[PDB]
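Visitor: Input protein-v7.cif, format and content: mmCIF, C-alpha atoms.
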```
data_work
loop_
_atom_site.group_PDB
_atom_site.id
_atom_site.type_symbol
_atom_site.label_atom_id
_atom_site.label_comp_id
_atom_site.auth_asym_id
_atom_site.auth_seq_id
_atom_site.Cartn_x
_atom_site.Cartn_y
_atom_site.Cartn_z
ATOM 1 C CA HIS A 1 110.879 88.020 73.466
ATOM 2 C CA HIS A 2 108.054 89.642 75.483
ATOM 3 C CA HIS A 3 110.130 92.639 76.634
ATOM 4 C CA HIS A 4 112.652 94.830 74.843
ATOM 5 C CA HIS A 5 115.964 95.584 76.546
ATOM 6 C CA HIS A 6 115.549 97.696 79.710
ATOM 7 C CA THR A 7 117.944 98.138 82.665
ATOM 8 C CA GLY A 8 117.233 98.877 86.338
ATOM 9 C CA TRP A 9 113.769 99.994 87.490
ATOM 10 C CA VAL A 10 111.284 100.878 84.730
ATOM 11 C CA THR A 11 107.564 101.714 84.684
ATOM 12 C CA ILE A 12 105.531 99.529 82.293
ATOM 13 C CA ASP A 13 101.707 99.483 82.126
ATOM 14 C CA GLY A 14 101.261 100.794 85.669
ATOM 15 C CA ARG A 15 103.828 98.602 87.438
ATOM 16 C CA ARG A 16 107.530 98.929 88.320
ATOM 17 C CA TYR A 17 109.757 96.193 86.859
ATOM 18 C CA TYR A 18 113.451 95.538 87.581
ATOM 19 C CA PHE A 19 115.736 94.476 84.730
ATOM 20 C CA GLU A 20 119.216 93.100 85.457
ATOM 21 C CA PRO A 21 121.826 95.772 84.645
ATOM 22 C CA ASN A 22 124.260 93.193 83.180
ATOM 23 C CA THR A 23 121.885 91.325 80.832
ATOM 24 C CA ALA A 24 118.951 93.705 80.291
ATOM 25 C CA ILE A 25 116.454 90.876 80.990
ATOM 26 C CA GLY A 26 113.828 90.796 83.759
ATOM 27 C CA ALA A 27 114.998 89.838 87.268
ATOM 28 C CA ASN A 28 114.022 86.472 88.773
ATOM 29 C CA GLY A 29 113.841 85.394 92.417
ATOM 30 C CA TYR A 30 114.587 87.220 95.672
ATOM 31 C CA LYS A 31 116.582 90.443 95.637
ATOM 32 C CA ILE A 32 117.284 93.262 98.070
ATOM 33 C CA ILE A 33 117.498 96.546 96.125
ATOM 34 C CA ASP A 34 118.227 99.796 98.002
ATOM 35 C CA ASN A 35 117.268 98.076 101.282
ATOM 36 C CA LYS A 36 113.846 96.945 100.010
ATOM 37 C CA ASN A 37 113.099 93.212 99.579
ATOM 38 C CA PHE A 38 111.320 91.868 96.454
ATOM 39 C CA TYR A 39 110.546 88.481 94.912
ATOM 40 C CA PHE A 40 110.661 88.697 91.122
ATOM 41 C CA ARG A 41 109.189 86.794 88.217
ATOM 42 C CA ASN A 42 110.361 88.065 84.813
ATOM 43 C CA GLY A 43 111.104 91.539 86.242
ATOM 44 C CA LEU A 44 107.783 91.964 88.092
ATOM 45 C CA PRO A 45 107.622 91.990 91.917
ATOM 46 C CA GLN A 46 105.240 89.244 93.054
ATOM 47 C CA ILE A 47 102.669 89.953 95.768
ATOM 48 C CA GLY A 48 102.064 87.323 98.477
ATOM 49 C CA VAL A 49 104.073 85.078 100.815
ATOM 50 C CA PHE A 50 107.251 83.688 99.217
ATOM 51 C CA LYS A 51 110.384 81.919 100.417
ATOM 52 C CA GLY A 52 113.490 84.100 100.446
ATOM 53 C CA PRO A 53 117.033 83.161 101.614
ATOM 54 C CA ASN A 54 116.026 83.742 105.270
ATOM 55 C CA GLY A 55 112.457 82.334 105.187
ATOM 56 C CA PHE A 56 108.953 83.301 104.043
ATOM 57 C CA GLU A 57 108.326 87.070 103.878
ATOM 58 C CA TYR A 58 105.098 89.029 103.196
ATOM 59 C CA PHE A 59 105.673 90.825 99.893
ATOM 60 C CA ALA A 60 102.709 93.135 100.357
ATOM 61 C CA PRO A 61 100.345 95.301 98.310
ATOM 62 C CA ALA A 62 101.274 99.000 98.414
ATOM 63 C CA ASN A 63 100.420 100.903 101.617
ATOM 64 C CA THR A 64 100.113 97.919 103.984
ATOM 65 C CA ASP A 65 102.878 98.985 106.378
ATOM 66 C CA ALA A 66 105.135 102.066 106.546
ATOM 67 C CA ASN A 67 104.102 103.182 103.038
ATOM 68 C CA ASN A 68 105.604 100.111 101.353
ATOM 69 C CA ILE A 69 105.272 99.861 97.566
ATOM 70 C CA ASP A 70 103.761 96.952 95.582
ATOM 71 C CA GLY A 71 105.665 93.714 96.270
ATOM 72 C CA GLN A 72 107.962 95.151 98.965
ATOM 73 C CA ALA A 73 108.459 92.940 102.029
ATOM 74 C CA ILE A 74 107.065 94.426 105.223
ATOM 75 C CA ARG A 75 107.439 94.248 108.983
ATOM 76 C CA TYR A 76 104.639 91.871 110.108
ATOM 77 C CA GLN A 77 104.959 90.637 113.686
ATOM 78 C CA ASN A 78 103.301 88.070 115.995
ATOM 79 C CA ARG A 79 100.000 87.752 114.115
ATOM 80 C CA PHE A 80 98.056 85.657 111.603
ATOM 81 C CA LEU A 81 97.901 86.627 107.914
ATOM 82 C CA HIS A 82 94.715 85.570 106.136
ATOM 83 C CA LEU A 83 95.638 85.997 102.462
ATOM 84 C CA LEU A 84 93.774 84.705 99.404
ATOM 85 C CA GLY A 85 91.906 82.148 101.543
ATOM 86 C CA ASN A 86 95.141 80.735 103.008
ATOM 87 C CA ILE A 87 96.344 80.934 106.629
ATOM 88 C CA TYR A 88 99.847 81.986 107.750
ATOM 89 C CA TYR A 89 101.307 82.892 111.137
ATOM 90 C CA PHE A 90 104.157 85.401 111.428
ATOM 91 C CA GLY A 91 106.587 85.420 114.361
ATOM 92 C CA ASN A 92 108.583 88.240 115.928
ATOM 93 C CA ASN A 93 111.104 88.268 113.058
ATOM 94 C CA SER A 94 108.396 88.944 110.407
ATOM 95 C CA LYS A 95 108.801 85.472 108.862
ATOM 96 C CA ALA A 96 106.007 82.933 108.368
ATOM 97 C CA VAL A 97 106.340 79.860 110.590
ATOM 98 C CA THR A 98 106.535 76.307 109.172
ATOM 99 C CA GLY A 99 105.863 72.796 110.523
ATOM 100 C CA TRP A 100 104.025 71.961 113.735
ATOM 101 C CA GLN A 101 103.214 75.025 115.852
ATOM 102 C CA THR A 102 101.197 75.698 118.974
ATOM 103 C CA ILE A 103 99.503 79.130 118.878
ATOM 104 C CA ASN A 104 97.193 80.374 121.671
ATOM 105 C CA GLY A 105 96.872 76.787 122.925
ATOM 106 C CA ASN A 106 95.892 75.269 119.536
ATOM 107 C CA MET A 107 98.051 73.048 117.250
ATOM 108 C CA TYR A 108 98.603 73.844 113.551
ATOM 109 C CA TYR A 109 100.718 72.400 110.757
ATOM 110 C CA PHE A 110 102.169 74.939 108.315
ATOM 111 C CA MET A 111 103.278 73.303 105.026
ATOM 112 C CA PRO A 112 107.082 73.566 104.620
ATOM 113 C CA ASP A 113 106.900 74.451 100.901
ATOM 114 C CA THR A 114 104.241 77.237 101.115
ATOM 115 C CA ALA A 115 103.950 78.168 104.830
ATOM 116 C CA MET A 116 100.161 77.709 104.466
ATOM 117 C CA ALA A 117 98.235 76.031 107.295
ATOM 118 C CA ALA A 118 96.819 72.565 106.614
ATOM 119 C CA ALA A 119 93.085 73.286 106.692
ATOM 120 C CA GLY A 120 89.633 72.000 105.793
ATOM 121 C CA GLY A 121 90.086 68.225 105.869
ATOM 122 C CA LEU A 122 92.294 65.179 106.361
ATOM 123 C CA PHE A 123 96.046 65.607 105.818
ATOM 124 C CA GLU A 124 98.802 62.980 105.807
ATOM 125 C CA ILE A 125 101.897 64.282 107.591
ATOM 126 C CA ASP A 126 104.893 61.943 108.016
ATOM 127 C CA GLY A 127 102.790 58.779 107.580
ATOM 128 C CA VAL A 128 100.021 59.745 110.035
ATOM 129 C CA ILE A 129 96.600 61.174 109.082
ATOM 130 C CA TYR A 130 95.312 64.208 111.018
ATOM 131 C CA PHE A 131 92.087 66.281 110.869
ATOM 132 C CA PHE A 132 92.325 70.059 110.408
ATOM 133 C CA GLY A 133 89.396 72.471 110.772
ATOM 134 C CA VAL A 134 88.531 75.262 108.324
ATOM 135 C CA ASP A 135 90.496 77.525 110.697
ATOM 136 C CA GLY A 136 93.612 75.294 110.476
ATOM 137 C CA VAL A 137 93.262 73.980 114.043
ATOM 138 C CA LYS A 138 94.104 70.278 114.505
ATOM 139 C CA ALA A 139 91.167 68.277 115.907
ATOM 140 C CA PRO A 140 91.709 65.737 118.696
ATOM 141 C CA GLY A 141 92.629 62.189 117.619
ATOM 142 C CA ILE A 142 94.239 60.124 114.845
ATOM 143 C CA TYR A 143 92.589 59.345 111.489
ATOM 144 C CA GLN B 8 95.890 107.247 104.486
ATOM 145 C CA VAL B 9 93.689 104.123 104.336
ATOM 146 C CA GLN B 10 89.975 104.660 104.991
ATOM 147 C CA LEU B 11 86.892 102.462 105.212
ATOM 148 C CA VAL B 12 83.702 104.543 104.895
ATOM 149 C CA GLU B 13 80.218 103.191 105.679
ATOM 150 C CA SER B 14 77.007 104.507 104.103
ATOM 151 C CA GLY B 15 73.339 103.475 103.907
ATOM 152 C CA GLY B 16 72.518 103.530 107.624
ATOM 153 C CA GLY B 17 69.753 105.386 109.460
ATOM 154 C CA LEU B 18 66.159 104.663 110.470
ATOM 155 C CA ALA B 19 64.001 101.790 109.187
ATOM 156 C CA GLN B 20 60.820 99.933 110.161
ATOM 157 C CA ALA B 21 60.705 96.311 111.359
ATOM 158 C CA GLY B 22 60.252 93.833 108.489
ATOM 159 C CA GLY B 23 61.853 96.288 106.044
ATOM 160 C CA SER B 24 65.255 96.467 104.329
ATOM 161 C CA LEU B 25 68.532 98.409 104.387
ATOM 162 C CA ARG B 26 71.755 98.122 102.384
ATOM 163 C CA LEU B 27 75.079 99.200 103.864
ATOM 164 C CA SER B 28 78.088 99.975 101.676
ATOM 165 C CA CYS B 29 81.684 100.190 102.837
ATOM 166 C CA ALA B 30 83.974 101.933 100.358
ATOM 167 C CA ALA B 31 87.681 101.360 100.917
ATOM 168 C CA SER B 32 90.442 103.678 99.673
ATOM 169 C CA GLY B 33 94.231 104.114 99.869
ATOM 170 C CA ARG B 34 95.035 100.402 99.490
ATOM 171 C CA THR B 35 93.642 97.459 97.486
ATOM 172 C CA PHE B 36 91.751 94.861 99.554
ATOM 173 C CA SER B 37 91.272 92.176 96.880
ATOM 174 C CA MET B 38 93.463 89.666 98.773
ATOM 175 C CA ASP B 39 91.877 90.239 102.212
ATOM 176 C CA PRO B 40 88.685 89.038 103.908
ATOM 177 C CA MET B 41 86.263 91.873 104.679
ATOM 178 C CA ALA B 42 83.645 91.891 107.433
ATOM 179 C CA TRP B 43 80.789 93.620 109.251
ATOM 180 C CA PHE B 44 80.576 94.010 113.027
ATOM 181 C CA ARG B 45 78.006 95.809 115.194
ATOM 182 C CA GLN B 46 77.875 97.506 118.599
ATOM 183 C CA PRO B 47 74.454 97.491 120.339
ATOM 184 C CA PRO B 48 73.865 100.106 123.104
ATOM 185 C CA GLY B 49 75.715 99.248 126.337
ATOM 186 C CA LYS B 50 77.187 96.025 124.909
ATOM 187 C CA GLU B 51 80.531 95.166 123.263
ATOM 188 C CA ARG B 52 81.262 94.948 119.517
ATOM 189 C CA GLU B 53 79.991 91.687 117.965
ATOM 190 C CA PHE B 54 80.480 89.706 114.729
ATOM 191 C CA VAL B 55 77.807 89.914 112.000
ATOM 192 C CA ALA B 56 79.307 88.679 108.710
ATOM 193 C CA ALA B 57 82.556 88.083 106.792
ATOM 194 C CA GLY B 58 83.442 87.276 103.185
ATOM 195 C CA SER B 59 86.501 85.720 101.514
ATOM 196 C CA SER B 60 88.829 87.595 99.148
ATOM 197 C CA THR B 61 86.882 86.673 95.964
ATOM 198 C CA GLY B 62 83.511 86.809 97.757
ATOM 199 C CA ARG B 63 82.919 83.064 97.249
ATOM 200 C CA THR B 64 83.021 81.988 100.925
ATOM 201 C CA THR B 65 80.872 83.674 103.598
ATOM 202 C CA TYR B 66 80.264 83.368 107.376
ATOM 203 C CA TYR B 67 77.344 84.732 109.447
ATOM 204 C CA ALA B 68 76.330 85.232 113.071
ATOM 205 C CA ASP B 69 73.489 82.856 113.984
ATOM 206 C CA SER B 70 71.274 85.889 114.710
ATOM 207 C CA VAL B 71 71.441 87.218 111.137
ATOM 208 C CA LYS B 72 71.701 83.991 109.095
ATOM 209 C CA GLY B 73 69.184 84.000 106.234
ATOM 210 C CA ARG B 74 68.299 87.680 106.757
ATOM 211 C CA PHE B 75 71.665 89.373 106.082
ATOM 212 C CA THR B 76 73.898 88.851 103.027
ATOM 213 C CA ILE B 77 77.504 90.004 102.600
ATOM 214 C CA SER B 78 78.925 90.599 99.124
ATOM 215 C CA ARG B 79 81.799 92.493 97.516
ATOM 216 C CA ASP B 80 82.925 94.233 94.341
ATOM 217 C CA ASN B 81 86.734 94.201 94.212
ATOM 218 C CA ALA B 82 86.830 96.444 91.130
ATOM 219 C CA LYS B 83 85.172 99.073 93.363
ATOM 220 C CA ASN B 84 87.152 98.129 96.507
ATOM 221 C CA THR B 85 83.759 97.882 98.264
ATOM 222 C CA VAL B 86 81.940 95.417 100.549
ATOM 223 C CA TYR B 87 78.151 95.380 101.084
ATOM 224 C CA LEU B 88 75.694 94.198 103.736
ATOM 225 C CA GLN B 89 72.140 93.579 102.520
ATOM 226 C CA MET B 90 69.937 93.699 105.624
ATOM 227 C CA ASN B 91 66.497 92.106 105.100
ATOM 228 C CA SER B 92 63.635 91.292 107.529
ATOM 229 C CA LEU B 93 64.861 93.916 110.020
ATOM 230 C CA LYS B 94 64.156 93.451 113.741
ATOM 231 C CA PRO B 95 64.348 95.851 116.742
ATOM 232 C CA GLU B 96 67.240 93.659 117.953
ATOM 233 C CA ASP B 97 69.311 94.771 114.934
ATOM 234 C CA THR B 98 69.548 98.341 116.302
ATOM 235 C CA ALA B 99 73.292 99.061 116.592
ATOM 236 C CA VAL B 100 76.281 100.996 115.274
ATOM 237 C CA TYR B 101 77.586 98.947 112.321
ATOM 238 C CA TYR B 102 81.302 98.836 111.462
ATOM 239 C CA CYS B 103 83.006 97.504 108.348
ATOM 240 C CA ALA B 104 86.436 95.914 108.775
ATOM 241 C CA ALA B 105 89.207 94.328 106.711
ATOM 242 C CA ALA B 106 92.297 92.090 107.013
ATOM 243 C CA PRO B 107 91.838 90.008 110.209
ATOM 244 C CA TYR B 108 95.024 89.210 112.174
ATOM 245 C CA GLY B 109 93.534 86.932 114.844
ATOM 246 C CA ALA B 110 93.099 83.155 114.575
ATOM 247 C CA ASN B 111 89.780 83.335 112.673
ATOM 248 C CA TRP B 112 87.432 85.862 111.013
ATOM 249 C CA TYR B 113 84.907 85.844 113.909
ATOM 250 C CA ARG B 114 87.426 87.517 116.250
ATOM 251 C CA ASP B 115 87.389 91.286 116.784
ATOM 252 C CA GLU B 116 91.003 91.595 115.572
ATOM 253 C CA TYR B 117 91.169 93.380 112.209
ATOM 254 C CA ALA B 118 93.852 95.670 110.773
ATOM 255 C CA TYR B 119 91.403 98.237 109.356
ATOM 256 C CA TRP B 120 88.140 99.616 110.749
ATOM 257 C CA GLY B 121 85.419 101.915 109.422
ATOM 258 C CA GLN B 122 83.982 104.910 111.299
ATOM 259 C CA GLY B 123 80.630 103.208 111.950
ATOM 260 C CA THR B 124 77.078 103.930 110.806
ATOM 261 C CA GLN B 125 74.043 104.130 113.096
ATOM 262 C CA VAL B 126 71.154 101.760 112.345
ATOM 263 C CA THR B 127 67.884 102.143 114.257
ATOM 264 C CA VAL B 128 64.922 99.782 113.830
ATOM 265 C CA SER B 129 61.476 100.713 115.204
ATOM 266 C CA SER B 130 58.660 98.368 116.284
#
```
Take the structure from the file and write it as structure tokens.
Guide:
Amino acid sequence: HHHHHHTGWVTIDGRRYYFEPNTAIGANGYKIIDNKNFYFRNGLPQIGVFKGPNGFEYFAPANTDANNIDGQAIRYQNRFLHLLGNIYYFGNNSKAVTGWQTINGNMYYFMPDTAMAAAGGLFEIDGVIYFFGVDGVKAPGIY
Amino acid sequence: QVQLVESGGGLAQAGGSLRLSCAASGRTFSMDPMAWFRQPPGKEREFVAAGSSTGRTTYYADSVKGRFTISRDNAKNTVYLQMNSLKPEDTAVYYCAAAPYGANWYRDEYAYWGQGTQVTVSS
């Protein structure tokens, strides 16, 4: 295997990994550890927007809000997140919105599986084709 | 703890060139768009340029299109503004910015702002 047996939090090559105490293999999926939320792949906290058991959270780079560490979910309220070329909108509960949304008078569609805005072309949603701008805003009309 | 620091400003003659650098520290910006804004005397802050996380996709104010070029080096956590064919109209305090939280990158809503560097162009 790629890793030897470790348990709990360990530092490897400049990153903190979490290994399951009962199996000594890297953690996978969402976990709250000491009141900090992470989304793991093979022990390594992932950085980005991922779906946890109460919706999409922003698992942020270190020092984004309240001195969070790499991959720790952060408070992120009532604003857009423009990450890696993709567009999200976060509500008052610090979760990314999904489906049809009206924001500042404009209509968006946030993909249910990724929370990313449909953007930059024609998208088929529930049998109907719509046009979305590069900014994720739905144009007038049917296509 | 996070700082954006502009350098490369100052005086220049019309038709000439300047290169601004904005060095970021305290947090990695490789996932965020980065931008330049400017504030002319008496007027409000205005959009100049913005570049995507990798640097592949760029947007420019109509005023500066063709003359100004935005680029970035993520290994250095730095964004640049190459200012060619300078005009007296370009005279302004220039600000670098990162991580927009408004609807689009043109809007003056960014999570991090530089201190600003004075640029003066003479006729």
Visitor: Quick check on the file I pasted: which residues fall under the PyMOL selection byres ((chain A and resi 105-121) around 10)? Write them as a PyMOL selection string.
Guide: (chain A and resi 49-51+55-57+81-83+85-90+95-104+122-125+130-140) or (chain B and resi 110)
Visitor: I'd like the residues picked by the PyMOL selection byres ((chain B and resi 41) around 8) written out as a ChimeraX atom specification, using the chain letters and numbers from the file.
Guide: /B:39-40,42-43,57-60,86,103-106
Visitor: What does the structure give for the distance between CA of residue 33 (chain A) and CA of residue 34 (chain B), in Å to one decimal?
Guide: 23.0 Å
Visitor: Just the number, please: distance in Å from CA of residue 92 (chain A) to CA of residue 116 (chain B), one decimal.
Guide: 17.9 Å
Visitor: Would you mind reading off the distance between CA of residue 39 (chain A) and CA of residue 12 (chain A), one decimal, in Å?
Guide: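 Between CA of residue 39 (chain A) and CA of residue 12 (chain A) the gap works out to 17.5 Å.
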Visitor: Mind telling me what the PyMOL selection byres ((chain B and resi 25) around 9) catches here, as an NGL selection string?
Guide: :B and (15-17 or 19 or 23-24 or 26-27 or 88-91 or 93)
Visitor: Between B:31, B:68, B:78, B:100, which has the minimum distance to residue 123 (chain B) (counting all atoms listed in the file)?
Guide: B:100
Visitor: Report, as lines of an AutoDock Vina configuration file, the centre and edge lengths in Å (one decimal) of the axis-aligned box enclosing every listed atom of region 57-60 of chain B, padded by 4 Å on each side.
Guide:
```
center_x = 85.7
center_y = 86.9
center_z = 103.0
size_x = 14.3
size_y = 10.4
size_z = 15.6
```
